[PDB]
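pasting the first chains of the complex, positions unchanged:
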Amino acid sequence: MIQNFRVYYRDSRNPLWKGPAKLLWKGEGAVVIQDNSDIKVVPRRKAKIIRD
């Protein structure tokens, strides 16, 4: 369903949103995305997916 969607995520002690990570997984209330070489997971509530 997805290919290249720019996902942005917030931070605990950081209000601003994080760069457009690479979409890897999107199911439950958490989303898995890669910022560069490492894969991170952030709650869907604190994340925002977008289309390139």
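Cool, got the structure. Numbers count the residues shown, from 1 in each chain, chains lettered A, B, ... in the order given.

so what's the residue at minimal distance from the centre of chain A bridging to?
In chain A, the centroid-proximal residue (Cα atoms, centre = their mean) is residue A:7; its distance is 4.0 Å. Residue A:7 has these beta-bridge partners by DSSP bridges: residue A:21, residue A:49.

help me confirm that it comes into contact with residue A:21.
Yes: between residue A:7 and residue A:21 a contact is recorded at 4.9 Å, counting by Cβ atoms under 8 Å. From N, CA and C alone the C-beta is placed, and that goes for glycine too.

and chain B, same structure:
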Amino acid sequence: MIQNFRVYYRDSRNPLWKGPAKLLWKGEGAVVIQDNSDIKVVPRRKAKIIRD
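With chain B added, the chains above now look like this:
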């Protein structure tokens, strides 16, 4: 491709393998699995997926 595969994962300071978490994502060298209610990610090298 997957439905209900029992995934086991090792730990840093723990040699033994962790319970059969729920399979959520499996792509790069990391695998996303849920132990109960929270979702965790462990390197494929330190993980082992299995069929129920």
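
ok, the residue nearest to the centre of chain A to chain B distance?
Using Cβ to the nearest Cβ, to the nearest Å, residue A:7 is found at 14 Å from chain B.

got it, and residue A:30?
In terms of Cβ to the nearest Cβ, residue A:30 sits 5 Å off from chain B.

so who does that residue touch?
A:41, A:42, A:43, A:44, B:39 (Cβ atoms under 8 Å, 6 or more residues apart in numbering or on different chains).

and the gap between the closest residue to residue A:48 other than its chain neighbours and chain B?
In this structure, residue A:48 finds its nearest non-sequential neighbour in residue A:8, 4.6 Å apart by Cβ to Cβ, 6 or more residues apart in numbering or on different chains. In this view, residue A:8 and chain B are 19 Å apart by Cβ to the nearest Cβ.
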